[PDB]
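Heads up, the chain below is alone and in the form deposited in one PDB entry; it's given as structure tokens.
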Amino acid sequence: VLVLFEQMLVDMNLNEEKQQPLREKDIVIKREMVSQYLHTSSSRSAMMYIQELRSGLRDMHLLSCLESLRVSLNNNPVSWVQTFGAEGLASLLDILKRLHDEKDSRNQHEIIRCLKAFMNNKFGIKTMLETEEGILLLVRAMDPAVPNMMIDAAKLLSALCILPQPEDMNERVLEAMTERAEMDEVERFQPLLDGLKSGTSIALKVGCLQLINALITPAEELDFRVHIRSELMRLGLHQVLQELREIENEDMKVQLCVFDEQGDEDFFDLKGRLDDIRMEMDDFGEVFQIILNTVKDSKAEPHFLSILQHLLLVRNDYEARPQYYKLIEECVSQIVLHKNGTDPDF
């Protein structure tokens, strides 16, 4: 009989710990539970939904159906979800698409709720990852004016970024954010800063900061990590952080600590790279060579030139250029080495 019981326990999406207390019950109780499980296998099948979702309903009718599909994906045997499978998902995202071409959000929201339930589990996250528009469509779902759907989508994306199994997941996500941003005339961390703004629900703020951390933590490259921090920091992230630091909220407090400490470490490290460079390239002969090899015929070029050009605005004659560069250098150093360095106003 204890065979079915394993089968059951697998079908209920429970980790090792969660399963503990079920393993301790008497076989007599385990025997009732296999027969409840065997019986209950309270609505339509997978294919009966998939059809409703194909007959193109609208309004209360769509919601009515999505609310019920939500409860099934959520409360049924993981096996049911697999029957719903690649198809269900593809038509779920089909609806989502066609919906944005109306830009009810109760409907978009419900789909997300479904998706959340679908990804709830190992089978789900796998099938979501193989989809063409899945990630992109979650990203489209971060709308500050529809806060709760932004929260749900945000978390779902945060879980993704932190996945080891498929490489560079954070980057998958970031690309989607990038894409949509080119797709409007808008800055890519715009929706995140917008949700940090004061007078948005604390819940919205938290999960905003959570995604920022989720994008940065798992990254192996220092460069990526100092880079995107500076992008946000440039766009005023420091200032938006200040009035949050006084909210007595256990979660908000945790993300600020992760964020701050990320900063210290990342940038303590960049400084230590400087110490290396200072040994390797101790004169212009080394410097000139790097430029010609590493900047010269790359897309980095025009931006690099433009910097050198700004650094040589002063007349050569000027009786105090030493004093002037000693200064420019402190600025430049701050810009590159302090973690809130790209700030418009330090």
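Residue positions are given as counts along the sequence shown, with the first one as 1. Each form is matched to the other, and the largest set of C-alpha atoms that superpose within 1.5 Å is called the rigid core.
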Exercise for the section: Could you bin the unmodelled part of the deposited chain lying between residue 103 and residue 104 as none, 1 to 3, 4 to 9, or 10 or more? Expected result: 4 to 9
Problem - Count class of coordinate-free deposited residues lying between the neighbours residue 41 and residue 42 - result: 4 to 9
Problem - Mean C-alpha B-factor comparison - 284-292 and 56-64, higher one - result: 56-64
Exercise for the section: Would you determine, from the values in the PDB entry, which of 2-10 and 335-343 has the greater average C-alpha temperature factor? Expected result: 2-10
Practice task
Among the candidates 147, 166, 191, 236, give the one with the maximum CA B-factor reported in the record.
Solution key: 166
Handout entry: Given 140, 225, 271, 97, the residue at which the Cα B factor reaches its maximum
Key = 97
Practice task
Relative to the other modelled residues of the same chain, rank the CA B-factor of residue 261 and answer lowest, middle or highest third.
Solution key: lowest
Exercise for the section: Comparing against every modelled residue in the chain, figure out the third that the C-alpha B-factor of residue 199 lands in (lowest, middle or highest). Expected result: highest
Handout entry: Third of the chain, ranked by Cα B-factor, where residue 121 sits
Key = middle
Completion exercise
Quick tally, chain-level thirds of C-alpha B-factors: residue 304 sits in the lowest
Practice task
Among all modelled residues of this chain, ranked by Cα B factor, put residue 314 in the bottom, middle or top third, i.e. lowest, middle or highest.
Solution key: middle
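Omitted from view is the form deposited in another entry, to which the following refers.
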Exercise for the section: Verify the C-alpha shift of residue 58 between this form and the one not shown: is it 2 Å or more after superposing the core? Expected result: no
Exercise for the section: Determine whether the C-alpha of residue 279 shifts by 2 Å or more between this form and the one not shown once the rigid core is superposed. Expected result: yes
Handout entry: Large Cα move at residue 320 between this form and the one not shown, threshold 2 Å, rigid core
Key = yes
